[PDB]
$ cat start_11.tsv   # TSV, C-alpha atoms
chain	number	residue	atom	x	y	z
A	1	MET	CA	7.49	-10.94	-10.72
A	2	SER	CA	4.50	-11.70	-8.61
A	3	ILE	CA	2.78	-10.42	-5.48
A	4	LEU	CA	0.41	-13.33	-5.17
A	5	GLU	CA	2.45	-15.53	-2.86
A	6	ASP	CA	1.04	-13.82	0.21
A	7	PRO	CA	-2.48	-14.15	1.72
A	8	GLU	CA	-2.42	-10.47	2.90
A	9	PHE	CA	-2.54	-9.40	-0.73
A	10	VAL	CA	-5.61	-11.46	-1.63
A	11	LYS	CA	-7.43	-9.93	1.33
A	12	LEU	CA	-6.61	-6.45	-0.04
A	13	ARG	CA	-8.08	-7.61	-3.34
A	14	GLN	CA	-11.19	-8.87	-1.49
A	15	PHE	CA	-11.75	-5.49	0.17
A	16	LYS	CA	-11.39	-3.89	-3.31
A	17	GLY	CA	-9.43	-1.12	-1.65
A	18	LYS	CA	-12.21	1.48	-1.03
A	19	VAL	CA	-9.47	3.87	0.00
A	20	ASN	CA	-8.38	7.22	-1.31
A	21	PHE	CA	-6.12	6.54	-4.24
A	22	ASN	CA	-4.59	9.94	-3.84
A	23	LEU	CA	-3.79	9.56	-0.24
A	24	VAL	CA	-2.47	5.99	-0.49
A	25	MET	CA	-0.35	7.08	-3.42
A	26	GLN	CA	1.08	9.69	-1.08
A	27	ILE	CA	1.42	7.21	1.86
A	28	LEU	CA	3.37	4.83	-0.36
A	29	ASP	CA	5.33	7.75	-1.80
A	30	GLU	CA	6.09	9.13	1.62
A	31	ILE	CA	7.55	5.86	2.93
A	32	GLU	CA	9.27	5.31	-0.42
A	33	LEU	CA	11.04	8.66	-0.56
A	34	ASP	CA	12.29	8.14	2.99
A	35	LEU	CA	13.38	4.57	2.26
A	36	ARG	CA	15.16	5.76	-0.88
A	37	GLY	CA	17.42	7.92	1.24
A	38	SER	CA	17.33	5.78	4.35
A	39	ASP	CA	17.60	1.97	4.72
A	40	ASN	CA	14.94	1.06	7.26
A	41	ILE	CA	11.45	0.75	5.88
A	42	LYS	CA	10.05	-0.17	9.30
A	43	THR	CA	11.17	3.21	10.52
A	44	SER	CA	9.88	4.79	7.28
A	45	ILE	CA	6.46	3.22	8.11
A	46	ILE	CA	6.63	4.75	11.60
A	47	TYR	CA	6.86	8.38	10.38
A	48	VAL	CA	4.13	8.17	7.82
A	49	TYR	CA	1.74	6.10	9.86
A	50	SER	CA	2.22	8.22	12.97
A	51	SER	CA	1.89	11.35	10.88
A	52	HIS	CA	-1.24	10.16	9.05
A	53	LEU	CA	-2.75	8.34	12.11
A	54	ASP	CA	-6.24	9.46	11.15
A	55	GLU	CA	-6.15	7.73	7.82
A	56	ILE	CA	-4.23	4.75	9.21
A	57	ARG	CA	-6.95	4.08	11.78
A	58	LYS	CA	-9.57	4.70	9.07
A	59	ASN	CA	-8.37	1.93	6.80
A	60	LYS	CA	-6.61	-0.08	9.49
A	61	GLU	CA	-7.12	-3.37	7.65
A	62	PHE	CA	-5.62	-1.95	4.53
A	63	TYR	CA	-2.75	-0.15	6.27
A	64	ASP	CA	-1.87	-3.18	8.40
A	65	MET	CA	-1.74	-5.55	5.48
A	66	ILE	CA	0.05	-3.21	3.12
A	67	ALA	CA	2.66	-2.29	5.77
A	68	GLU	CA	3.46	-5.95	6.10
A	69	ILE	CA	3.56	-6.50	2.30
A	70	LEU	CA	5.57	-3.31	1.65
A	71	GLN	CA	8.46	-4.37	3.86
A	72	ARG	CA	8.05	-8.04	2.96
A	73	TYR	CA	8.20	-7.49	-0.78
A	74	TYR	CA	10.57	-4.51	-0.85
A	75	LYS	CA	13.38	-6.90	0.03
A	76	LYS	CA	12.34	-9.14	-2.89
A	77	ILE	CA	11.06	-6.90	-5.74
A	78	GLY	CA	11.70	-3.38	-4.46
A	79	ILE	CA	9.55	-0.77	-2.74
A	80	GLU	CA	8.97	1.11	-6.04
A	81	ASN	CA	7.44	-2.03	-7.45
A	82	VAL	CA	5.41	-2.93	-4.37
A	83	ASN	CA	3.92	0.58	-4.10
A	84	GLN	CA	2.89	0.44	-7.72
A	85	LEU	CA	1.31	-3.00	-7.22
A	86	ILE	CA	-0.60	-1.73	-4.16
A	87	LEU	CA	-2.00	1.10	-6.31
A	88	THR	CA	-2.96	-1.50	-8.87
A	89	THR	CA	-4.73	-3.45	-6.08
A	90	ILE	CA	-6.90	-0.49	-5.07
A	91	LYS	CA	-7.67	0.50	-8.59
A	92	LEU	CA	-10.45	-0.91	-10.63
A	93	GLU	CA	-9.35	-1.19	-14.26
A	94	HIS	CA	-11.37	1.50	-16.20
A	95	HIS	CA	-14.95	0.93	-15.18
A	96	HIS	CA	-15.61	3.54	-12.55
A	97	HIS	CA	-18.14	6.06	-13.77
A	98	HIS	CA	-19.88	3.25	-15.52
A	99	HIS	CA	-19.63	0.38	-13.15
$ encode --input "start_11.tsv" --output "structure tokens"
Amino acid sequence: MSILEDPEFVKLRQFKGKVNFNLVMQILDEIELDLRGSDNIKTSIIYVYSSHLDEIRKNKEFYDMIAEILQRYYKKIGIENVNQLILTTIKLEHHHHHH
């Protein structure tokens, strides 16, 4: 159970996220819920990314790298798990208001 094998992930860690936790949680959720019923995560990416183009272009580095990782690791650990790990990647532990 890792997510460290891929260089895209470390780059996400480097950027610290800086994205809307709430929206990414929904992005991940949105592809997840589709992929739970469907079988093609690439296609699941298409809907959500085309629907949320504004945010996708906003955090294009983030959304490019995660889209790769999401598909890449869903086959290995599962999309549920990857989505959670991505949230973990954008979240600082507990030092926010006092950081």
$ residues_around --input "start_11.tsv" --residues "range 89-95 of chain A" --least-positions-apart "5" --cutoff "12 Å" --atoms "only C-alpha atoms" --output "list in words"
residues 3, 4, 8, 9, 10, 11, 12, 13, 14, 15, 16, 17, 18, 19, 20, 21, 22, 23, 24, 25, 62, 66, 82, 83 and 84 of chain A
$ write_last_selection --input "start_11.tsv" --atoms "C-alpha atoms" --output "PDB file, keeping the file's coordinate frame"
ATOM      1  CA  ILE A   3       2.780 -10.420  -5.480  1.00  0.00           C
ATOM      2  CA  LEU A   4       0.410 -13.330  -5.170  1.00  0.00           C
ATOM      3  CA  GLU A   8      -2.420 -10.470   2.900  1.00  0.00           C
ATOM      4  CA  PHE A   9      -2.540  -9.400  -0.730  1.00  0.00           C
ATOM      5  CA  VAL A  10      -5.610 -11.460  -1.630  1.00  0.00           C
ATOM      6  CA  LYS A  11      -7.430  -9.930   1.330  1.00  0.00           C
ATOM      7  CA  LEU A  12      -6.610  -6.450  -0.040  1.00  0.00           C
ATOM      8  CA  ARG A  13      -8.080  -7.610  -3.340  1.00  0.00           C
ATOM      9  CA  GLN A  14     -11.190  -8.870  -1.490  1.00  0.00           C
ATOM     10  CA  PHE A  15     -11.750  -5.490   0.170  1.00  0.00           C
ATOM     11  CA  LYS A  16     -11.390  -3.890  -3.310  1.00  0.00           C
ATOM     12  CA  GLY A  17      -9.430  -1.120  -1.650  1.00  0.00           C
ATOM     13  CA  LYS A  18     -12.210   1.480  -1.030  1.00  0.00           C
ATOM     14  CA  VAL A  19      -9.470   3.870   0.000  1.00  0.00           C
ATOM     15  CA  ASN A  20      -8.380   7.220  -1.310  1.00  0.00           C
ATOM     16  CA  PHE A  21      -6.120   6.540  -4.240  1.00  0.00           C
ATOM     17  CA  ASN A  22      -4.590   9.940  -3.840  1.00  0.00           C
ATOM     18  CA  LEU A  23      -3.790   9.560  -0.240  1.00  0.00           C
ATOM     19  CA  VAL A  24      -2.470   5.990  -0.490  1.00  0.00           C
ATOM     20  CA  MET A  25      -0.350   7.080  -3.420  1.00  0.00           C
ATOM     21  CA  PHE A  62      -5.620  -1.950   4.530  1.00  0.00           C
ATOM     22  CA  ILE A  66       0.050  -3.210   3.120  1.00  0.00           C
ATOM     23  CA  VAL A  82       5.410  -2.930  -4.370  1.00  0.00           C
ATOM     24  CA  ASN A  83       3.920   0.580  -4.100  1.00  0.00           C
ATOM     25  CA  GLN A  84       2.890   0.440  -7.720  1.00  0.00           C
TER      26      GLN A  84
END
$ atom_distance --input "start_11.tsv" --atom1 "CA of residue 57 in chain A" --atom2 "CA of residue 5 in chain A"
26.2 Å
$ residues_around --input "start_11.tsv" --residues "range 67-78 of chain A" --least-positions-apart "3" --cutoff "12 Å" --atoms "only C-alpha atoms" --output "MDAnalysis selection string"
chainID A and resid 1:12 24 27:29 31:32 35:36 39:46 48:49 56 59:64 81:87
$ atom_distance --input "start_11.tsv" --atom1 "CA of residue 34 in chain A" --atom2 "CA of residue 80 in chain A"
11.9 Å
$ decode --input "start_11.tsv" --residues "range 48-96 of chain A" --atoms "N, CA and C atoms" --output "mmCIF file, in the first residue's frame"
data_model
loop_
_atom_site.group_PDB
_atom_site.id
_atom_site.type_symbol
_atom_site.label_atom_id
_atom_site.label_comp_id
_atom_site.auth_asym_id
_atom_site.auth_seq_id
_atom_site.Cartn_x
_atom_site.Cartn_y
_atom_site.Cartn_z
ATOM 1 N N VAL A 48 -16.218 14.832 -15.944
ATOM 2 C CA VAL A 48 -15.935 15.699 -14.830
ATOM 3 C C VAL A 48 -15.015 16.842 -15.220
ATOM 4 N N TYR A 49 -14.002 16.538 -15.989
ATOM 5 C CA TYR A 49 -13.051 17.531 -16.409
ATOM 6 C C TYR A 49 -13.659 18.492 -17.417
ATOM 7 N N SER A 50 -14.501 17.981 -18.305
ATOM 8 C CA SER A 50 -15.168 18.819 -19.284
ATOM 9 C C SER A 50 -16.267 19.646 -18.599
ATOM 10 N N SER A 51 -16.855 19.093 -17.569
ATOM 11 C CA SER A 51 -17.889 19.774 -16.842
ATOM 12 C C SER A 51 -17.276 20.894 -15.989
ATOM 13 N N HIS A 52 -16.177 20.590 -15.331
ATOM 14 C CA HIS A 52 -15.527 21.524 -14.422
ATOM 15 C C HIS A 52 -14.289 22.140 -15.065
ATOM 16 N N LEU A 53 -14.367 22.419 -16.378
ATOM 17 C CA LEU A 53 -13.232 22.976 -17.169
ATOM 18 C C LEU A 53 -12.551 24.140 -16.489
ATOM 19 N N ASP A 54 -13.344 25.019 -15.903
ATOM 20 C CA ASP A 54 -12.818 26.200 -15.228
ATOM 21 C C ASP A 54 -11.834 25.848 -14.126
ATOM 22 N N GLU A 55 -12.184 24.898 -13.298
ATOM 23 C CA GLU A 55 -11.292 24.512 -12.245
ATOM 24 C C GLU A 55 -10.124 23.690 -12.781
ATOM 25 N N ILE A 56 -10.390 22.890 -13.801
ATOM 26 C CA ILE A 56 -9.364 22.038 -14.400
ATOM 27 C C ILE A 56 -8.234 22.893 -14.966
ATOM 28 N N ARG A 57 -8.600 23.947 -15.671
ATOM 29 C CA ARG A 57 -7.617 24.858 -16.255
ATOM 30 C C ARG A 57 -6.939 25.702 -15.164
ATOM 31 N N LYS A 58 -7.615 25.850 -14.024
ATOM 32 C CA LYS A 58 -7.112 26.646 -12.909
ATOM 33 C C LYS A 58 -5.901 25.937 -12.316
ATOM 34 N N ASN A 59 -6.102 24.689 -11.998
ATOM 35 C CA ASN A 59 -5.102 23.865 -11.344
ATOM 36 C C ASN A 59 -4.669 22.796 -12.328
ATOM 37 N N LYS A 60 -4.276 23.217 -13.521
ATOM 38 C CA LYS A 60 -3.978 22.272 -14.600
ATOM 39 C C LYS A 60 -2.843 21.309 -14.262
ATOM 40 N N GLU A 61 -1.880 21.754 -13.460
ATOM 41 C CA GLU A 61 -0.784 20.904 -13.063
ATOM 42 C C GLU A 61 -1.307 19.788 -12.191
ATOM 43 N N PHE A 62 -2.114 20.180 -11.235
ATOM 44 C CA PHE A 62 -2.712 19.283 -10.297
ATOM 45 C C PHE A 62 -3.637 18.296 -11.007
ATOM 46 N N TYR A 63 -4.546 18.814 -11.823
ATOM 47 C CA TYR A 63 -5.524 17.981 -12.502
ATOM 48 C C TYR A 63 -4.918 17.083 -13.573
ATOM 49 N N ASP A 64 -3.794 17.479 -14.148
ATOM 50 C CA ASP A 64 -3.115 16.600 -15.104
ATOM 51 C C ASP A 64 -2.494 15.426 -14.382
ATOM 52 N N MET A 65 -1.741 15.737 -13.344
ATOM 53 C CA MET A 65 -1.024 14.729 -12.594
ATOM 54 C C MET A 65 -1.945 13.787 -11.868
ATOM 55 N N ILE A 66 -2.995 14.310 -11.233
ATOM 56 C CA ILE A 66 -3.904 13.430 -10.530
ATOM 57 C C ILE A 66 -4.639 12.523 -11.492
ATOM 58 N N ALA A 67 -5.087 13.056 -12.640
ATOM 59 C CA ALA A 67 -5.809 12.255 -13.644
ATOM 60 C C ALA A 67 -4.988 11.066 -14.075
ATOM 61 N N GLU A 68 -3.691 11.270 -14.215
ATOM 62 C CA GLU A 68 -2.799 10.196 -14.563
ATOM 63 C C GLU A 68 -2.799 9.165 -13.426
ATOM 64 N N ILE A 69 -2.473 9.645 -12.225
ATOM 65 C CA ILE A 69 -2.364 8.829 -11.005
ATOM 66 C C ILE A 69 -3.657 8.061 -10.693
ATOM 67 N N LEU A 70 -4.785 8.732 -10.810
ATOM 68 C CA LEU A 70 -6.099 8.154 -10.538
ATOM 69 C C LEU A 70 -6.337 6.887 -11.344
ATOM 70 N N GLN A 71 -6.108 6.962 -12.631
ATOM 71 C CA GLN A 71 -6.312 5.821 -13.520
ATOM 72 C C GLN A 71 -5.242 4.746 -13.250
ATOM 73 N N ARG A 72 -4.029 5.232 -13.146
ATOM 74 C CA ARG A 72 -2.800 4.470 -12.955
ATOM 75 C C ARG A 72 -2.866 3.615 -11.681
ATOM 76 N N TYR A 73 -3.325 4.203 -10.608
ATOM 77 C CA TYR A 73 -3.383 3.517 -9.347
ATOM 78 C C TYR A 73 -4.726 2.868 -9.068
ATOM 79 N N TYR A 74 -5.781 3.248 -9.786
ATOM 80 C CA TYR A 74 -7.079 2.614 -9.555
ATOM 81 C C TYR A 74 -7.018 1.147 -9.938
ATOM 82 N N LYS A 75 -6.232 0.839 -10.959
ATOM 83 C CA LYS A 75 -6.049 -0.548 -11.378
ATOM 84 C C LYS A 75 -5.271 -1.358 -10.317
ATOM 85 N N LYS A 76 -4.466 -0.675 -9.522
ATOM 86 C CA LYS A 76 -3.596 -1.341 -8.554
ATOM 87 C C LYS A 76 -4.162 -1.343 -7.113
ATOM 88 N N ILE A 77 -4.626 -0.200 -6.628
ATOM 89 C CA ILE A 77 -5.124 -0.125 -5.245
ATOM 90 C C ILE A 77 -6.618 0.200 -5.166
ATOM 91 N N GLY A 78 -7.161 0.768 -6.217
ATOM 92 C CA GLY A 78 -8.586 1.071 -6.247
ATOM 93 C C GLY A 78 -8.822 2.553 -6.209
ATOM 94 N N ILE A 79 -9.824 3.028 -6.944
ATOM 95 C CA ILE A 79 -10.073 4.464 -7.066
ATOM 96 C C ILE A 79 -10.416 5.094 -5.710
ATOM 97 N N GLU A 80 -11.169 4.353 -4.879
ATOM 98 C CA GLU A 80 -11.561 4.800 -3.535
ATOM 99 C C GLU A 80 -10.321 5.213 -2.758
ATOM 100 N N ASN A 81 -9.343 4.338 -2.817
ATOM 101 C CA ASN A 81 -8.073 4.493 -2.135
ATOM 102 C C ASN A 81 -7.251 5.624 -2.709
ATOM 103 N N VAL A 82 -7.206 5.728 -4.032
ATOM 104 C CA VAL A 82 -6.406 6.772 -4.676
ATOM 105 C C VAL A 82 -6.970 8.149 -4.347
ATOM 106 N N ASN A 83 -8.288 8.280 -4.456
ATOM 107 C CA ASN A 83 -8.988 9.544 -4.171
ATOM 108 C C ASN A 83 -8.694 10.025 -2.765
ATOM 109 N N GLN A 84 -8.712 9.096 -1.838
ATOM 110 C CA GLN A 84 -8.448 9.383 -0.443
ATOM 111 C C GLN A 84 -6.990 9.872 -0.307
ATOM 112 N N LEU A 85 -6.074 9.177 -0.954
ATOM 113 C CA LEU A 85 -4.664 9.538 -0.902
ATOM 114 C C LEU A 85 -4.414 10.916 -1.512
ATOM 115 N N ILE A 86 -5.147 11.251 -2.569
ATOM 116 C CA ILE A 86 -5.024 12.563 -3.207
ATOM 117 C C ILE A 86 -5.466 13.657 -2.226
ATOM 118 N N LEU A 87 -6.544 13.387 -1.496
ATOM 119 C CA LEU A 87 -7.034 14.310 -0.470
ATOM 120 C C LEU A 87 -5.994 14.491 0.626
ATOM 121 N N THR A 88 -5.342 13.417 0.959
ATOM 122 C CA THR A 88 -4.284 13.408 1.943
ATOM 123 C C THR A 88 -3.072 14.258 1.448
ATOM 124 N N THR A 89 -2.858 14.245 0.146
ATOM 125 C CA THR A 89 -1.761 14.956 -0.496
ATOM 126 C C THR A 89 -1.998 16.483 -0.492
ATOM 127 N N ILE A 90 -3.248 16.890 -0.561
ATOM 128 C CA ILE A 90 -3.560 18.312 -0.589
ATOM 129 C C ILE A 90 -3.818 18.854 0.803
ATOM 130 N N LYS A 91 -3.908 17.979 1.762
ATOM 131 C CA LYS A 91 -4.156 18.399 3.103
ATOM 132 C C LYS A 91 -2.918 18.454 3.942
ATOM 133 N N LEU A 92 -2.733 19.580 4.578
ATOM 134 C CA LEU A 92 -1.744 19.699 5.610
ATOM 135 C C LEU A 92 -2.351 19.068 6.846
ATOM 136 N N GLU A 93 -1.528 18.417 7.641
ATOM 137 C CA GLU A 93 -1.952 17.613 8.789
ATOM 138 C C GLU A 93 -3.004 18.311 9.722
ATOM 139 N N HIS A 94 -2.598 19.193 10.615
ATOM 140 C CA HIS A 94 -3.582 19.904 11.467
ATOM 141 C C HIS A 94 -3.168 21.337 11.723
ATOM 142 N N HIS A 95 -2.062 21.743 11.157
ATOM 143 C CA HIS A 95 -1.581 23.098 11.339
ATOM 144 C C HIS A 95 -2.020 23.928 10.160
ATOM 145 N N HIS A 96 -3.126 24.601 10.316
ATOM 146 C CA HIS A 96 -3.678 25.441 9.265
ATOM 147 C C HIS A 96 -3.840 26.843 9.776
#
